[PDB]
Every structure is written in C-alpha cells, then in structure tokens.
Amino acid sequence: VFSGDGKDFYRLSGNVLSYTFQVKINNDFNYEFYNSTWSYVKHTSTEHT
Amino acid sequence: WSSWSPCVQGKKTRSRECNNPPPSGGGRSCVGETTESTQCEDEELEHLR
Amino acid sequence: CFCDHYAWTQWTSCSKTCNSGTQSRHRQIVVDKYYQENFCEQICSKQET
C-alpha cells in the first residue's frame, strides 16, 4: 500500500483483513469562563453640643 | 453475582441485585440485568471425551 | 446589581433520572434595601434551569 500520510510505501501481512489509509481527525473544545468583582462602603456619625 | 443455581432443563441461573449503596439522590439505576440464565456444561463432559 | 452576592446553591436532583432530564438552582433571594434600590429585582435571574 502507498500511505497518503507520512508519504511512504508499506508491506501488509495475510493476518490483516484490511489496512486502509483513511484519515480522520475529530476535535472538540469547550472553554468556560467566569469573573466577578464587588466594592462597598458604609458611614455613620452622631454628634452633640 | 450470587453463584449459579444448580441446573434445571439444561440451564443455570444467577442473580445480582444492586446491594451496594442504592441508586440515590436521583442518580440513574444500575446499568445491567438483575438475572442471567445460561446453558449447562454437560456437552463438554459428554462430547469432547 | 451585584447578583453574585446571592447563593451558589447546588443543582436539584435530576428530574428524569436517565432520559432528556433537567435540573435547576435558585439564588436563595433575601430582599433588603440594597436589593430594592440597586435594580436587583429587574436585572438578576432568580432561578437557573
């Protein structure tokens, strides 16, 4: 067989029913992101004369 | 499995019953069959001899 | 509103245990002068499904 990948000829045994040289590449990506931020202020005063 | 029951009509039986902590908190039931039945070994004993 | 003030509850036990099922969670909403004034009732989602 001539492999269309790695670009070479190869020999096969009578033990293998089929050696194919198809290519498939299947990719799945998941990227998930969070960010959060807070700020707070309180003040009081109580006064006399 | 509970170890195979003695043969009847050429078949054994065995039972497994999810006896570890059960499917809980809404989790899916155990993946499989509770009981199996299989043909007995007497054909080896008679035939291969 | 800072809607991330409110609770990161766990998701509810899966409604259908093994087919096309759903789960939900909610903010454990306690109303306060903050919630009333800072548009929280308007912009925050109370429950996620």
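Scan region C:1-33 residue by residue and report those that are more than 11 Å from chain B (Cβ to nearest Cβ) and surrounded by 13 or more Cβ atoms within 10 Å (Cβ to Cβ).
C:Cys1, C:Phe2, C:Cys3, C:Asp4, C:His5, C:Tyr6, C:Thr9, C:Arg25, C:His26, C:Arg27, C:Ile29 - these are the residues of region C:1-33 that are more than 11 Å from chain B (Cβ to nearest Cβ) and surrounded by 13 or more Cβ atoms within 10 Å (Cβ to Cβ).
Only one residue in C:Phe39, C:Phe2 is on the phi > 0 side of the Ramachandran plot and not basic (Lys, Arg), so which one is that?
C:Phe39
Out of everything in chain B that is among the hydroxyl-bearing types (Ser, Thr, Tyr) and part of a loop (DSSP other than H, G, I, E, B), what residue ends up being nearest to the other protein chains (Cβ to nearest Cβ)? Step through it out loud before you land on a result.
Initially, chain B is screened for residues among the hydroxyl-bearing types (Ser, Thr, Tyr), giving B:2-3, B:5, B:13, B:15, B:24, B:29, B:34-35, B:37-38.
Then drop every residue that is not part of a loop (DSSP other than H, G, I, E, B), which leaves B:24, B:29, B:34, B:37-38.
Values: B:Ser24: 9, B:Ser29: 7, B:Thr34: 16, B:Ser37: 26, B:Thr38: 28 Å.
Among them, the one singled out is B:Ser29.
Please tell me if B:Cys7 is more than 30 Å from C:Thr17 (Cα to Cα) and touching a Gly at 6+ places or on another chain (Cβ under 6 Å).
When the stated conditions are applied, B:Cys7 does not pass them.
Report the residue count in region A:10-49 for those that are in contact (Cβ under 8 Å) with a residue 12 or more places away in the chain and closer than 30 Å to C:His5 by Cα.
Qualifying residue count, region A:10-49: 0.
Here Cβ is always computed from backbone atoms with ideal geometry, including for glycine, and neighbour counts include all displayed protein chains. Values quoted throughout were computed directly from the atomic coordinates according to the rules given, and no laboratory measurement underlies them.
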